[PDB]
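Chemist: Give me a model of this one.
(2 chains)
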Amino acid sequence: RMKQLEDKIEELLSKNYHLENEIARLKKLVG
Amino acid sequence: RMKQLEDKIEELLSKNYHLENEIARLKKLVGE
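Modeler: Numbering: from 1, shown residues only, chains lettered A, B, ... in the order given. Right below this line is the structure:
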């Protein structure tokens, strides 16, 4: 079960990084 | 160790939802 949690953390981290990239993209579009 | 990993998930999930809320507002402004 420990491996599952560790996989979820790495998964959520990658997702969060993508959302930050999306924010940077959308902010770049603003103007 | 269980608790540490579980707290990290709850932390990252909370940040995730705040990022999604911000993206939703930005898409409206830009017209996406």
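Chemist: ok, the residue nearest to the spatial centre of chain A to chain B distance?
Modeler: Residue closest to the average C-alpha location in chain A (CA atoms, centre = their mean): residue A:16, at 1.9 Å. Counting by CB to the nearest CB, to the nearest Å, the separation of residue A:16 from chain B is 6 Å. Just so you know, the C-beta spots here come from the backbone N, C-alpha and C atoms, and that holds for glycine as well.
Chemist: Could you list the buried residues of the strand or helix carrying that residue?
Modeler: Assigning secondary structure by DSSP states H and E places residue A:16 in helix A:2-29. Of all the residues in helix A:2-29, those buried under the rule 16 or more other CB atoms under 10 Å in any protein chain shown are A:5, A:8, A:9, A:12, A:15, A:16, A:19, A:22, A:26.
Chemist: Who's the closest spatial neighbour of the last one, skipping the chain neighbours?
Modeler: In other words, residue A:26. Using CB to CB, 6 or more residues apart in numbering or on different chains and skipping the chain neighbours, the partner closest in space to residue A:26 is residue B:26 (3.9 Å).
Chemist: which residues touch the one you found?
Modeler: Residues in contact with residue B:26 (CB atoms under 8 Å, 6 or more residues apart in numbering or on different chains) are A:23, A:26, A:27, A:30, B:32.
Chemist: Now for the last one: which residues touch it?
Modeler: Spelled out, that is residue B:32. A:26, A:29, B:26.
Chemist: mind redoing it with 10 Å?
Modeler: Applying CB atoms under 10 Å, 6 or more residues apart in numbering or on different chains to residue B:32 gives the contacts A:25, A:26, A:29, B:23, B:24, B:26.
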